[PDB]
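> This one is my_file-v8.cif, mmCIF, C-alpha atoms and all ligand atoms.
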```cif
data_final
loop_
_atom_site.label_atom_id
_atom_site.label_comp_id
_atom_site.auth_asym_id
_atom_site.auth_seq_id
_atom_site.Cartn_x
_atom_site.Cartn_y
_atom_site.Cartn_z
CA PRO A 1 14.08 7.84 9.00
CA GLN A 2 11.29 6.55 11.23
CA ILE A 3 9.18 9.32 12.69
CA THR A 4 6.47 8.72 15.33
CA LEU A 5 3.36 10.87 15.66
CA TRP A 6 3.47 11.81 19.34
CA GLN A 7 4.35 15.34 18.20
CA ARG A 8 3.70 17.14 14.89
CA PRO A 9 5.84 15.69 12.04
CA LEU A 10 7.79 18.93 11.25
CA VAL A 11 10.86 18.86 9.05
CA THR A 12 13.33 21.37 7.68
CA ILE A 13 13.07 22.14 4.02
CA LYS A 14 15.17 24.28 1.69
CA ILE A 15 13.38 25.97 -1.16
CA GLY A 16 14.46 28.97 -3.25
CA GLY A 17 17.62 29.53 -1.20
CA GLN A 18 15.54 29.82 2.05
CA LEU A 19 15.26 27.60 5.10
CA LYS A 20 11.83 26.73 6.42
CA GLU A 21 9.98 24.26 8.62
CA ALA A 22 7.13 22.21 7.13
CA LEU A 23 4.59 19.61 8.27
CA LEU A 24 4.69 16.15 6.58
CA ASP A 25 1.02 15.73 5.79
CA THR A 26 -0.36 12.45 4.43
CA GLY A 27 -3.81 13.96 4.22
CA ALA A 28 -2.78 16.70 1.75
CA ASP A 29 -2.79 15.94 -1.96
CA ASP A 30 -0.66 19.07 -2.52
CA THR A 31 2.23 20.97 -1.01
CA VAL A 32 1.28 24.45 0.11
CA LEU A 33 3.67 27.07 1.53
CA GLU A 34 3.03 30.33 3.44
CA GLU A 35 3.50 33.42 1.22
CA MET A 36 7.03 33.53 -0.16
CA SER A 37 9.07 35.00 -2.98
CA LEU A 38 9.52 32.27 -5.49
CA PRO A 39 10.72 32.96 -9.00
CA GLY A 40 9.20 31.82 -12.31
CA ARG A 41 5.81 31.66 -14.09
CA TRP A 42 2.56 30.44 -12.50
CA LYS A 43 -1.19 29.86 -12.84
CA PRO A 44 -3.74 30.86 -10.18
CA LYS A 45 -5.51 28.01 -8.37
CA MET A 46 -8.02 27.42 -5.62
CA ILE A 47 -7.56 24.68 -3.00
CA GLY A 48 -9.77 23.42 -0.24
CA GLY A 49 -9.56 21.94 3.22
CA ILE A 50 -11.44 21.90 6.51
CA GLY A 51 -12.71 25.42 6.83
CA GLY A 52 -13.21 26.18 3.13
CA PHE A 53 -11.10 27.25 0.17
CA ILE A 54 -8.10 29.55 -0.44
CA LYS A 55 -6.53 31.01 -3.58
CA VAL A 56 -2.86 30.06 -4.20
CA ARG A 57 -0.32 30.32 -7.04
CA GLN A 58 1.01 27.22 -8.62
CA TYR A 59 4.69 26.83 -9.53
CA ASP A 60 5.79 23.71 -11.34
CA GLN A 61 9.18 22.01 -11.24
CA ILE A 62 10.40 23.71 -8.09
CA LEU A 63 13.41 22.19 -6.40
CA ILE A 64 12.93 21.52 -2.65
CA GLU A 65 15.28 19.74 -0.31
CA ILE A 66 13.21 17.92 2.32
CA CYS A 67 15.49 16.62 5.04
CA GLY A 68 18.30 15.14 2.92
CA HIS A 69 16.40 14.47 -0.29
CA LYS A 70 16.06 16.74 -3.26
CA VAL A 71 12.77 16.63 -5.21
CA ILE A 72 11.22 18.65 -8.03
CA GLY A 73 7.49 19.13 -8.10
CA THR A 74 4.66 21.57 -7.88
CA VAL A 75 4.35 23.85 -4.95
CA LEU A 76 1.33 25.98 -4.19
CA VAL A 77 1.94 29.32 -2.58
CA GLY A 78 -0.85 31.18 -0.88
CA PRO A 79 -2.36 32.09 2.53
CA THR A 80 -2.04 28.72 4.29
CA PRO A 81 -1.48 29.06 8.05
CA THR A 82 1.46 26.60 8.01
CA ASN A 83 3.76 25.04 5.37
CA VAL A 84 2.54 21.54 4.52
CA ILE A 85 4.37 18.92 2.44
CA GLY A 86 1.71 16.91 0.62
CA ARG A 87 1.65 13.54 -1.16
CA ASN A 88 2.88 14.93 -4.48
CA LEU A 89 6.28 15.33 -2.77
CA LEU A 90 6.02 12.59 -0.09
CA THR A 91 6.00 9.92 -2.80
CA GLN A 92 9.24 11.48 -4.22
CA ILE A 93 11.13 10.93 -0.99
CA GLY A 94 9.76 7.41 -0.61
CA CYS A 95 7.65 8.23 2.38
CA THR A 96 5.32 5.46 3.73
CA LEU A 97 2.95 5.06 6.72
CA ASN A 98 3.45 1.98 8.93
CA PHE A 99 1.63 0.34 11.83
CA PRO B 1 0.93 -2.61 7.35
CA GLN B 2 3.09 -0.50 5.03
CA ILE B 3 1.09 1.98 3.02
CA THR B 4 2.59 4.12 0.22
CA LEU B 5 1.32 7.58 -0.69
CA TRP B 6 0.76 7.22 -4.43
CA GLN B 7 -2.98 7.34 -3.67
CA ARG B 8 -4.89 8.80 -0.70
CA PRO B 9 -4.30 6.77 2.51
CA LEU B 10 -7.98 5.75 3.07
CA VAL B 11 -8.89 3.05 5.56
CA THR B 12 -12.05 1.43 6.84
CA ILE B 13 -13.10 2.33 10.32
CA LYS B 14 -15.91 1.10 12.55
CA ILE B 15 -17.39 3.59 14.97
CA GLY B 16 -20.76 3.52 16.76
CA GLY B 17 -21.87 0.34 14.98
CA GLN B 18 -21.31 2.00 11.53
CA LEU B 19 -18.79 1.35 8.77
CA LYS B 20 -16.98 4.29 7.24
CA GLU B 21 -13.92 5.21 5.21
CA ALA B 22 -11.39 7.68 6.65
CA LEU B 23 -8.14 9.38 5.60
CA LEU B 24 -5.01 8.68 7.73
CA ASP B 25 -3.78 12.23 8.19
CA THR B 26 -0.41 12.97 9.81
CA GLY B 27 -1.04 16.68 9.48
CA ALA B 28 -4.18 16.64 11.67
CA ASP B 29 -3.82 16.95 15.43
CA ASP B 30 -7.41 15.69 15.80
CA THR B 31 -9.80 13.16 14.35
CA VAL B 32 -12.82 14.74 12.71
CA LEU B 33 -15.79 12.86 11.20
CA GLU B 34 -18.59 13.99 8.84
CA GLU B 35 -21.90 14.54 10.68
CA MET B 36 -23.01 11.34 12.37
CA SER B 37 -25.21 10.08 15.18
CA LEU B 38 -22.95 9.34 18.05
CA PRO B 39 -24.26 8.79 21.55
CA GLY B 40 -23.12 10.41 24.80
CA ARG B 41 -22.31 13.87 26.24
CA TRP B 42 -20.17 16.52 24.50
CA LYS B 43 -18.73 20.04 24.53
CA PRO B 44 -18.79 22.38 21.52
CA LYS B 45 -15.43 23.21 19.93
CA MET B 46 -13.97 25.13 17.04
CA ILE B 47 -11.18 23.71 14.85
CA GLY B 48 -9.14 25.20 12.07
CA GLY B 49 -7.42 24.20 8.86
CA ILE B 50 -6.59 25.58 5.44
CA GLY B 51 -9.64 27.59 4.54
CA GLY B 52 -10.61 28.72 8.04
CA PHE B 53 -12.47 27.31 11.04
CA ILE B 54 -15.48 25.04 11.65
CA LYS B 55 -17.59 24.27 14.71
CA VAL B 56 -17.64 20.59 15.82
CA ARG B 57 -18.80 18.57 18.84
CA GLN B 58 -16.30 16.76 20.93
CA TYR B 59 -16.92 13.24 22.25
CA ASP B 60 -14.37 11.68 24.54
CA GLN B 61 -13.55 8.01 25.00
CA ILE B 62 -15.18 6.82 21.80
CA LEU B 63 -14.28 3.36 20.63
CA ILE B 64 -13.14 3.18 16.97
CA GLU B 65 -11.77 0.20 15.12
CA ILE B 66 -9.24 1.43 12.56
CA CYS B 67 -8.27 -1.42 10.26
CA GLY B 68 -7.75 -4.20 12.83
CA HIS B 69 -6.96 -2.11 15.90
CA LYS B 70 -9.36 -0.87 18.50
CA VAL B 71 -8.64 2.52 20.10
CA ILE B 72 -10.49 4.85 22.48
CA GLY B 73 -10.04 8.57 22.11
CA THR B 74 -11.68 11.84 21.30
CA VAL B 75 -13.50 12.29 18.08
CA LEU B 76 -14.73 15.59 16.75
CA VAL B 77 -17.94 15.57 14.79
CA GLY B 78 -18.89 18.48 12.60
CA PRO B 79 -19.04 19.72 8.97
CA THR B 80 -15.70 18.39 7.69
CA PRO B 81 -15.79 17.46 4.00
CA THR B 82 -14.14 14.05 4.64
CA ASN B 83 -13.47 11.81 7.69
CA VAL B 84 -9.88 12.28 8.85
CA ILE B 85 -8.01 10.17 11.42
CA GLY B 86 -5.60 12.50 13.21
CA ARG B 87 -2.52 12.00 15.39
CA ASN B 88 -4.49 11.57 18.62
CA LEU B 89 -5.54 8.16 17.22
CA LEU B 90 -2.57 7.43 14.89
CA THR B 91 -0.27 7.18 17.91
CA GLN B 92 -2.71 4.60 19.44
CA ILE B 93 -2.31 2.23 16.51
CA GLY B 94 1.45 2.69 16.45
CA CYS B 95 1.48 4.53 13.18
CA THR B 96 4.85 5.95 11.97
CA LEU B 97 6.13 7.76 8.83
CA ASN B 98 9.20 6.28 7.10
CA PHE B 99 11.52 7.28 4.26
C1 LIG C 1 -8.25 18.20 10.78
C2 LIG C 1 -7.69 19.32 11.66
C3 LIG C 1 -7.51 18.83 13.09
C4 LIG C 1 -8.59 20.55 11.62
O1 LIG C 1 -6.31 19.69 11.17
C5 LIG C 1 -6.01 20.17 9.90
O2 LIG C 1 -6.78 20.72 9.13
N1 LIG C 1 -4.68 19.92 9.64
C6 LIG C 1 -3.91 20.58 8.58
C7 LIG C 1 -2.56 21.09 9.11
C8 LIG C 1 -2.68 22.15 10.17
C9 LIG C 1 -3.18 21.86 11.43
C10 LIG C 1 -3.28 22.84 12.40
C11 LIG C 1 -2.88 24.14 12.12
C12 LIG C 1 -2.37 24.45 10.86
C13 LIG C 1 -2.27 23.46 9.90
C14 LIG C 1 -3.63 19.63 7.37
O3 LIG C 1 -3.21 18.37 7.84
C15 LIG C 1 -4.88 19.46 6.49
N2 LIG C 1 -5.04 18.05 6.10
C16 LIG C 1 -6.12 17.78 5.15
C17 LIG C 1 -7.44 17.56 5.90
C18 LIG C 1 -8.64 17.41 5.01
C19 LIG C 1 -8.57 16.63 3.86
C20 LIG C 1 -9.67 16.52 3.01
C21 LIG C 1 -10.85 17.20 3.31
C22 LIG C 1 -10.92 17.98 4.46
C23 LIG C 1 -9.82 18.08 5.30
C24 LIG C 1 -6.33 18.86 4.07
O4 LIG C 1 -6.99 19.87 4.31
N3 LIG C 1 -5.80 18.61 2.88
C25 LIG C 1 -5.92 19.54 1.76
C26 LIG C 1 -4.62 20.36 1.64
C27 LIG C 1 -4.56 21.34 0.50
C28 LIG C 1 -4.24 20.66 -0.82
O5 LIG C 1 -3.54 19.63 -0.78
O6 LIG C 1 -4.67 21.17 -1.88
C29 LIG C 1 -6.20 18.78 0.47
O7 LIG C 1 -5.68 17.68 0.25
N4 LIG C 1 -7.04 19.35 -0.39
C30 LIG C 1 -7.37 18.71 -1.65
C31 LIG C 1 -8.72 18.01 -1.52
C32 LIG C 1 -9.82 18.90 -1.01
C33 LIG C 1 -10.51 19.76 -1.86
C34 LIG C 1 -11.54 20.56 -1.40
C35 LIG C 1 -11.91 20.52 -0.05
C36 LIG C 1 -11.23 19.67 0.81
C37 LIG C 1 -10.20 18.87 0.33
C38 LIG C 1 -7.35 19.65 -2.85
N5 LIG C 1 -6.91 19.14 -3.99
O8 LIG C 1 -7.74 20.81 -2.74
#
```
Please express the file's structure as structure tokens.

Amino acid sequence: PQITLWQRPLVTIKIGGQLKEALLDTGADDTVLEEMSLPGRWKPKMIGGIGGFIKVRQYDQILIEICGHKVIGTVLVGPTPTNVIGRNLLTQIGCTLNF
Amino acid sequence: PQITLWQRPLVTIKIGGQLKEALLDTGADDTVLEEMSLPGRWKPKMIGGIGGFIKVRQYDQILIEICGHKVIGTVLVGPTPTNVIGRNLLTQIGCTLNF
């Protein structure tokens, strides 16, 4: 739908059988979730933002249901303060900015 | 206009007589710009993101022209790696997410 920015753009997502809330973030190249049990293989990675860099684990082809849409993509799991849905998934659900 | 997320959502902004590029970021409560000479009074502040926290200076009622729209709001200036336009200004230009 259409979502204004008067409040944080938080949505419900389903990933790995669990329900979580996540921030739709146009300024994030990647999707990064707070520490969680995810199954499968992975490679370590380092990502950066305002404040510096953190080490996360990268899982590829993970199924996530964002609002009503299912998408498969990479999800980084590590010490982020909040779950953020980045552009790698936002393009999959057809998300656009408008003004 | 309508902007997809296949690439970073970078726009041209004019602030303090200078031209700069900035990222439209729905996941940022605030607008934070790389170190720049801005005139006026300010209060120190600390902001956080993925990676930790940084110290910035806060200027209120600063005029910024984002794309074709003029807006007046708070702008944080400090050591951010890239200029980000946060929700405090995105609401001013009527920016919405859609999918
Ligand atoms: C700007 C500020 C007011 C301090 O708010 C946030 O940081 N907001 C974050 C959400 C949040 C707010 C408050 C509390 C908790 C959580 C989120 O929107 C962050 N958005 C961008 C802001 C930003 C972009 C670029 C530079 C500096 C800052 C970001 O860090 N995005 C990261 C997210 C992690 C990721 O996607 O990997 C990113 O795209 N990083 C890229 C590019 C990069 C590399 C190295 C350094 C900086 C940026 C990357 N591939 O690592």
> I need the chain A residues near chain B as a PyMOL selection string; criterion: at most 7 Å, counting only C-alpha atoms.
chain A and resi 1-6+23-27+48-54+80-81+87+90-91+93-99
> Rank nothing, just name the residue among B:66, B:38, B:56, B:13 nearest to ligand LIG 1 (chain C), using all atoms listed in the file.
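For ligand LIG 1 (chain C), the nearest of the candidates is B:56.
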> Let me make sure I understand: among A:58, A:74, A:31, A:37, which one has the smallest atom-to-atom distance to ligand LIG 1 (chain C) if we use only C-alpha atoms and all ligand atoms?
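Of A:58, A:74, A:31, A:37, the one nearest ligand LIG 1 (chain C) is A:31, counting only C-alpha atoms and all ligand atoms.
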> Kindly indicate which residue among A:78, A:72, A:64, A:46 lies nearest to ligand LIG 1 (chain C), using all atoms listed in the file for the distances.
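Closest to ligand LIG 1 (chain C), using all atoms listed in the file: A:46.
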> Looking at B:62, B:36, B:77, B:71, which one is nearest to residue 18 in chain B, with distances taken over all atoms listed in the file?
B:36
> Using Å and a single decimal, report how far CA of residue 76 in chain B sits from CA of residue 45 in chain B.
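Between these atoms lies a distance of 8.3 Å.
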> I need the residue nearest ligand LIG 1 (chain C) from this list: A:30, A:60, A:35, A:65. Use only C-alpha atoms and all ligand atoms for the distance.
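Among the listed residues, the smallest separation from ligand LIG 1 (chain C) belongs to A:30.
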> With distances taken over all atoms listed in the file, which residue among B:17, B:44, B:83, B:11 lies nearest ligand LIG 1 (chain C)?
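With all atoms listed in the file as the atom set, the closest residue is B:83.
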> Any chance you could turn range 12-60 of chain A into a file with C-alpha atoms, as a PDB file, in the first residue's frame?

```pdb
ATOM      1  CA  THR A  12       5.450  -7.389  10.040  1.00  0.00           C
ATOM      2  CA  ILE A  13       7.618 -10.017   8.468  1.00  0.00           C
ATOM      3  CA  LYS A  14       7.630 -13.807   8.707  1.00  0.00           C
ATOM      4  CA  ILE A  15      10.968 -15.528   8.409  1.00  0.00           C
ATOM      5  CA  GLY A  16      11.988 -19.033   9.514  1.00  0.00           C
ATOM      6  CA  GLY A  17       8.595 -19.757  11.073  1.00  0.00           C
ATOM      7  CA  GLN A  18       8.893 -16.630  13.336  1.00  0.00           C
ATOM      8  CA  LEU A  19       7.000 -13.346  13.398  1.00  0.00           C
ATOM      9  CA  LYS A  20       8.953 -10.120  13.624  1.00  0.00           C
ATOM     10  CA  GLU A  21       8.691  -6.394  13.038  1.00  0.00           C
ATOM     11  CA  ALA A  22      11.108  -4.708  10.610  1.00  0.00           C
ATOM     12  CA  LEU A  23      11.867  -1.205   9.314  1.00  0.00           C
ATOM     13  CA  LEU A  24      11.488  -0.588   5.531  1.00  0.00           C
ATOM     14  CA  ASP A  25      14.765   1.172   4.862  1.00  0.00           C
ATOM     15  CA  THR A  26      15.520   2.753   1.478  1.00  0.00           C
ATOM     16  CA  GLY A  27      18.943   3.771   2.682  1.00  0.00           C
ATOM     17  CA  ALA A  28      20.099   0.176   3.349  1.00  0.00           C
ATOM     18  CA  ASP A  29      21.599  -1.837   0.517  1.00  0.00           C
ATOM     19  CA  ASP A  30      21.074  -5.001   2.595  1.00  0.00           C
ATOM     20  CA  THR A  31      18.570  -6.613   4.914  1.00  0.00           C
ATOM     21  CA  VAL A  32      19.921  -7.151   8.405  1.00  0.00           C
ATOM     22  CA  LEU A  33      18.095  -8.904  11.262  1.00  0.00           C
ATOM     23  CA  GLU A  34      18.756  -8.986  15.041  1.00  0.00           C
ATOM     24  CA  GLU A  35      20.362 -12.279  16.152  1.00  0.00           C
ATOM     25  CA  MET A  36      18.116 -15.204  15.286  1.00  0.00           C
ATOM     26  CA  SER A  37      18.204 -18.937  14.690  1.00  0.00           C
ATOM     27  CA  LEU A  38      18.156 -19.417  10.990  1.00  0.00           C
ATOM     28  CA  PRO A  39      19.009 -22.724   9.382  1.00  0.00           C
ATOM     29  CA  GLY A  40      21.452 -23.437   6.543  1.00  0.00           C
ATOM     30  CA  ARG A  41      25.042 -22.618   5.479  1.00  0.00           C
ATOM     31  CA  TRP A  42      26.610 -19.134   5.572  1.00  0.00           C
ATOM     32  CA  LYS A  43      29.686 -16.957   5.049  1.00  0.00           C
ATOM     33  CA  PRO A  44      30.867 -14.314   7.535  1.00  0.00           C
ATOM     34  CA  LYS A  45      30.613 -10.687   6.412  1.00  0.00           C
ATOM     35  CA  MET A  46      31.213  -7.190   7.684  1.00  0.00           C
ATOM     36  CA  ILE A  47      28.762  -4.336   7.055  1.00  0.00           C
ATOM     37  CA  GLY A  48      28.913  -0.655   7.778  1.00  0.00           C
ATOM     38  CA  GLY A  49      26.654   2.233   8.673  1.00  0.00           C
ATOM     39  CA  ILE A  50      26.665   5.442  10.679  1.00  0.00           C
ATOM     40  CA  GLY A  51      28.672   4.557  13.736  1.00  0.00           C
ATOM     41  CA  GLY A  52      31.041   2.045  12.138  1.00  0.00           C
ATOM     42  CA  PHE A  53      31.008  -1.615  11.142  1.00  0.00           C
ATOM     43  CA  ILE A  54      29.533  -4.877  12.499  1.00  0.00           C
ATOM     44  CA  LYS A  55      30.151  -8.540  11.720  1.00  0.00           C
ATOM     45  CA  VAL A  56      27.108 -10.510  10.454  1.00  0.00           C
ATOM     46  CA  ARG A  57      26.415 -13.913   8.860  1.00  0.00           C
ATOM     47  CA  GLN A  58      25.076 -14.092   5.386  1.00  0.00           C
ATOM     48  CA  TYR A  59      22.338 -16.542   4.391  1.00  0.00           C
ATOM     49  CA  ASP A  60      21.293 -16.732   0.779  1.00  0.00           C
TER      50      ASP A  60
END
```
